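Here we start with a single chain on its own, the form deposited in one PDB entry, put down as structure tokens.
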């Protein structure tokens, strides 16, 4: 109980953006001291922010594990007749990385990107078999550090290993698969009422909806084929570049024998 530092993982930084919780649906009469009291069981807080009138707040805890337990224990709990909503806040300094060679590790990715500023986390995304997907995520402590990493890697050629594969850096798309789109918000849409008139169904042959849908599916099948062809054409161009460059290199070494 006294040593909460036991929840910190090896090499984990403390009070990162991954330790930040959002709390929504707070009663309008909440105080900052009361909001701190709600999280007192989870050690010393880092940043604390409350917006009384909109009933929401932010709090940073010491470790990811502490934040996960606090989220699990406080989410959907009542406070003066309001069920609280506790969620992890969205990361404001995260970047996607791609064109990673198969031997690039989480630690190498962190070493490399640390030159642009302090890293909270860097990870190589792997498939169900543990093989690299060639993609990764880099999370910086601040937005300027991410912006430098993004600008420098786009302007210059950032290489991680002997084999010169340039890292491609792009902003990370932050998507929500937790709350998603609840009926309560979809109801607010003006078309919703007319849209729910026809329930879920399999379209019947000899109807306009079946004809339109079958034709739409054939266009979607065509799009996938065209996408797959572009990928194959450009992969062939990339492989031809690799061979041309290796031949030019071997011709150079020959001139130096």
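C-alpha atoms forming the largest set that superposes within 1.5 Å between two forms make up the rigid core. Positions refer to the first chain, counted from 1.
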Avg C-alpha B-factor, entry values, 196 to 204 vs 38 to 46, higher side is 196 to 204
223 to 231 versus 185 to 193: which one carries the higher mean Cα B factor per the record? 185 to 193
From 144, 166, 81, 136, residue of greatest CA B-factor: 144
Sort 77, 154, 106, 99 by C-alpha B-factor from the entry and give me just the highest. 154
Using only modelled residues of the chain, where does the Cα B factor of residue 120 rank: lowest third, middle third or highest third? highest
For residue 54, return the chain-relative third of its C-alpha B-factor as stated in the PDB record: lowest, middle or highest. middle
Chain thirds by Cα B factor, record data; residue 72 belongs to the lowest
For residue 30, return the chain-relative third of its C-alpha B-factor as stated in the PDB record: lowest, middle or highest. middle
Grab the CA temperature factor for residue 172 from the record and place it in the lowest, middle or highest third of its chain. highest
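We do not show the form deposited in another entry, though everything after this point is about it.
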Conformational change between this form and the one not shown, one of 154, 133, 161, 83, C-alpha moving 2 Å or more after core fit: 83
Large Cα move at residue 192 between this form and the one not shown, threshold 2 Å, rigid core: yes
Residue 225 C-alpha shift between this form and the one not shown of 2 Å or more, rigid core reference: no
Does residue 29 show a Cα shift reaching 2 Å between this form and the one not shown after rigid-core superposition? yes
